[PDB]
Amino acid sequence: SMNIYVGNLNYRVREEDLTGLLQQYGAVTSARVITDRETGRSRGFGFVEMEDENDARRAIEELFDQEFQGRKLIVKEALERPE
Ligand SMILES: [Ca+2]
């Protein structure tokens with residue numbers, strides 16, 4: 001497994017958009033956009049879990065520094081952490 005941090009996101013980026021992006025490289029088991037507790041609105045970052053570490057590292061290597069919906073991605077291995 002690998003937990004992937006995705007950040008500097010267009011605030012319109014949804015969980016399904018993150019899954020859509022990362023599932024191109026391998027199986028995705030979880031996708032979460034972190035939101036403001038009161039407004040419920042995206043804070044511009046989230047986490048995607050992929051079942052295969054090798055596919056996750058591949059996704060990070062390909063996606064590094066690419067723009068997504070008008071903003072340069074932050075895409076990096078995250079600390080494995082429960083929700
Ligand atoms: Ca690990």
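- X-ray crystallography is the method the PDB entry lists for this structure, together with a resolution of 1.7300 Å.

## Some thoughts on the side chain of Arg-32
Thinking step 1. Relative to the helices and strands, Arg-32 is located in strand β2 (residues 28-35).
Thinking step 2. Here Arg-32 is buried and forms no salt bridge, its nearest opposite-charge partner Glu-83 lying at an N-O distance of 4.0 Å.
Thinking step 3. Setting aside its immediate chain neighbours within four residues, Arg-32 contacts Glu-15, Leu-18, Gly-46, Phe-47 and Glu-83.

## Details of the nonpolar core
Thinking step 1. Within the largest apolar cluster, 20 residues are counted, with the highest numbers of intra-cluster contacts made by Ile-4, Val-6, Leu-22, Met-50 and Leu-73.
Thinking step 2. Looking at this core, the elements that each hand over two or more residues are β1 (2-7), α1 (15-22), β2, β3 (42-50) and α2 (53-63).
Thinking step 3. The dominant element in this core, judged by the number of residues it contributes, is α2, at four residues.
Thinking step 4. Setting aside residues no more than four positions away along its own chain, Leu-73 makes contact with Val-6, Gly-7, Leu-9, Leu-21, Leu-63, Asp-65, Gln-66 and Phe-68.

## Focus: α2
Thinking step 1. All buried positions along α2 are accounted for by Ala-56, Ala-59, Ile-60 and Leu-63. The buried side chains of α2 occupy one side of the element, clustering within an arc of 95° when seen end-on. Structural note: α2 exposes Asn-54, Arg-58 and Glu-61 on the side pointing more than 90 degrees away from its buried face.
Thinking step 2. Against β1, α1, β3 and β6 (74-77) lie the buried residues of α2.

## Concerning the UniProt feature "binding site: Ca(2+)" (unreviewed entry) in the protein
Thinking step 1. The positions UniProt marks with the feature "binding site: Ca(2+)" (unreviewed entry) are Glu-53.
Thinking step 2. Within the element layout of this structure, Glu-53 appears in helix α2.
Thinking step 3. When residues no more than four places from it in sequence are discounted, the contact partners of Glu-53 are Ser-1 and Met-2.

Cut-offs applied
- Residues numbered from 1 in each chain as written, not as in the entry; some residues may be left out.
- Heavy atoms only, no water.
- Residues with missing side-chain atoms left out of burial classes, pairs and counts.
- Helix = DSSP H or I, 4+ residues; strand = E, 2+ residues; numbered from the N terminus.
- Buried < 20%, exposed > 50% of the residue type's maximum accessible area, 1.4 Å probe, protein only.
- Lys, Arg positive; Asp, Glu negative; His and termini not counted.
- Salt bridge = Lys/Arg side-chain N within 4 Å of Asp/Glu carboxyl O.
- Contact = heavy atoms within 4.5 Å.
- Core = buried A, V, L, I, M, F, W, Y, C linked by side-chain atoms within 4.5 Å.
- Arc of directions from axis to C-beta.
- UniProt positions renumbered as here; feature names shortened; annotations may be inferred.

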